[PDB]
Each structure stands twice: as C-alpha cells, then as structure tokens.
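S.K.: how would this look folded up:
(chains A, B and C)
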Amino acid sequence: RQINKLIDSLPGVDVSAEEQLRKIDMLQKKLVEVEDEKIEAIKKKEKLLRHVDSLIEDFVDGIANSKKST
Amino acid sequence: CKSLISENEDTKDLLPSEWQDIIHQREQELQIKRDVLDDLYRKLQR
Amino acid sequence: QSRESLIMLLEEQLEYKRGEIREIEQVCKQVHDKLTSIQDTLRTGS
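M.R.: Residues are numbered from 1 along each chain as shown, chains lettered A, B, ... in the order given. Let me share the structure:
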C-alpha cells in the first residue's frame, strides 16, 4: 500500500509532459518579469535610501553649526 | 551670617545680561530645531 | 524524470526567491513605518 500510494502521487503522474512544457516556459517568463520588478523595487528603495541619507547629512550639519554657533 | 555665607558657594553666587544671552541661545537652538524638524517632516512624507 | 527534476528545482529556487523578496519589502516597510512614527513623535514635541 505504500507502493500504491507513492506510485499515484508522482506532480505530473497523470499530466502530459507538454503542458508541463508550456507551464515551465511561462514560469520562466513570469520569472523574468519578477526579477525585473525587483530591479525597479530595489532601485527606488535605494533612491529613498539616499534621500534619507541626504536629509541625515543636512540635519547633522544643522546640529553641528547650531551647537558651534555659541 | 558670614559663616553661612562662607560655606555655601551657591548663595555667594546669588549674593545681568548673562540671563538674556542664555535666553537668546535657547531660543535660537529651539528655532533651528523647529526648522530642521519641519524639513524632516516635509521630506519624509514622500 | 529529468523534466521532473527540473520542475522540482524550479519551484525550490522560485519559492526561495519569493521568500527573500517578501522579507525585503517587509523589512523596508517596517523601517518606513518606524520613520513615520518618529516623524509623528518629533512633530508632537514641536
């Protein structure tokens, strides 16, 4: 009975390999778009990151020249 | 009287523009803090 | 069975990269939420 329950549980056991071929092809496609989307995601995250860095630098300069203003 | 004056430094210090200068430095640091916080509020809202 | 091995490797790296991606937006979103909370806190102290 483990033989029977493993032989029938093989995904693709009752699925013809050619629709696996299309599903795999479209999987690499949507993969291409998902790393693309990650490219825009990371570039805008870095953009906001160095906006934050610029405001950090401006605030630090303000602190420095304020506490040395007296 | 003179003894009590002698042991306490604080009273002898108590015993006039410096206060105005301290007020000016406090208000200028307060306003620069307000300005930088306004800048941070404006920048971070994006 | 070579195609099946290709499939299984396919889903394992796909789910691994989805996990990495999702933790990336989770961490950046939590950092942004912390920044907004700090901005509100400093605005309240103004």
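S.K.: Residue numbers of chain A in contact with chain B?
M.R.: A:48, A:51, A:55, A:58-59, A:62-63, A:66-67, A:69-70 (Cβ under 8 Å from any Cβ of the partner chain). C-beta coordinates here come from the backbone N, C-alpha and C atoms, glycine included.
S.K.: how about 6 Å then?
M.R.: By Cβ under 6 Å from any Cβ of the partner chain, the residues of chain A that approach chain B are A:55, A:59, A:62, A:66, A:70.
S.K.: Export the residues you listed as a markdown table, with columns for neighbour count and secondary structure.
M.R.: Shown next, in a markdown table, are these (neighbours: other Cβ atoms under 10 Å in any protein chain shown; DSSP: H, G, I helix; E, B strand; the rest coil):
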| residue | neighbour count | secondary structure |
| --- | --- | --- |
| A:55 | 16 | helix |
| A:59 | 16 | helix |
| A:62 | 15 | helix |
| A:66 | 17 | helix |
| A:70 | 11 | coil |
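S.K.: mind listing the helices for the chain?
M.R.: No chain specified, so I'll use chain A. Secondary structure of chain A by DSSP state H: the helices cover A:2-7, A:17-67.
S.K.: could you do chain B instead?
M.R.: Taking DSSP H, the helices of chain B run over residues B:2-7, B:9-14, B:17-44.
S.K.: circling back: tell me which of the helices of chain A is the most buried.
M.R.: helix A:17-67 (a mean of 12; mean count of other Cβ atoms under 10 Å in any protein chain shown).
S.K.: who does it touch, helix- and strand-wise?
M.R.: In terms of contacts (3 or more Cβ pairs under 6 Å, 6 or more residues apart in numbering or on different chains; DSSP states H and E), helix A:17-67 is packed against helix B:17-44.
S.K.: could you give the angle of the helix it packs on to helix A:17-67?
M.R.: Relative orientation of helix B:17-44 versus helix A:17-67 (axes from the mean of the first three to the mean of the last three Cα atoms, to 10 degrees): 160 degrees.
S.K.: Show me what from chain C comes close to chain B.
M.R.: Close to chain B, as judged by Cβ under 6 Å from any Cβ, chain C has residues C:35, C:39, C:42-43, C:46.
S.K.: Which of the helices of chain B sits closest to chain C?
M.R.: Closest to chain C of the helices of chain B, according to Cβ to the nearest Cβ: helix B:17-44, at 5.0 Å.
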